Amino acid sequence: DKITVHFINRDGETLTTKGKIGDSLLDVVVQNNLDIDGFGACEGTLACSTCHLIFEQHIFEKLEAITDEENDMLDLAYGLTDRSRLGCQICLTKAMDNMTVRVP
Ligand code: FES
């Protein structure tokens, strides 16, 4: 199944695209060639902070439990919020249809 995801880019523009249930948010950016500068540098291997996304609170609270490995890297991210995750760790579910995520 596919869902719609909106990305607010760091230039304030919204990029709307579709992703498949089970794909990571990095897969969504890559597969759809979204023009988000520098996003996903390390290719989803927890060796960068560049796939950092800011979530809506209601989505964030139902995401999978964060690992220490993700958290340690995420701690170093520019514009870290209490609703932040590394996007390459987050896989799409139907709860996320029409959600908005933001790139700081
Ligand atoms: S793409 Fe590097 S940790 Fe997510």
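With ideal geometry, Cβ positions are generated from the backbone for all residues, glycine too; neighbour counts draw on all protein chains shown. Only the coordinates and a few stated rules stand behind these numbers; no lab work does.
Structural remarks
- Pairs with Cβ under 7 Å, 6+ apart, first in the stretch 29-45 and at positive phi, second more than 8 Å from the ligand (Cβ to nearest atom): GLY40/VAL29; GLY40/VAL30; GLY44/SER24
- Here the stretch 57-104 is the region considered, the condition is being hydroxyl-bearing (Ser, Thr, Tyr) and farther than 17 Å from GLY44 by Cβ, and the residue that is nearest to the chain's Cα centre (by Cα) is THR100.
- Subset of the stretch 33-80 [within 18 Å of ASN9 (Cα to Cα) and of a type in the set (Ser, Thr, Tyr)]: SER49, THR50, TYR78
- Helices (runs of 4 or more DSSP H) (entirely within the chain) containing at least 1 residues that are within 13 Å of the ligand (Cβ to nearest atom): 25-31, 68-74
Okay, residues lined up against (1) among the β-branched types (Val, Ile, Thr); (2) touching a residue at least 24 places away in the same chain (Cβ under 8 Å):
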position	(1), (2)
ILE3	yes, yes
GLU13	no, no
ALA47	no, yes
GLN57	no, yes
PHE60	no, yes
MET99	no, yes
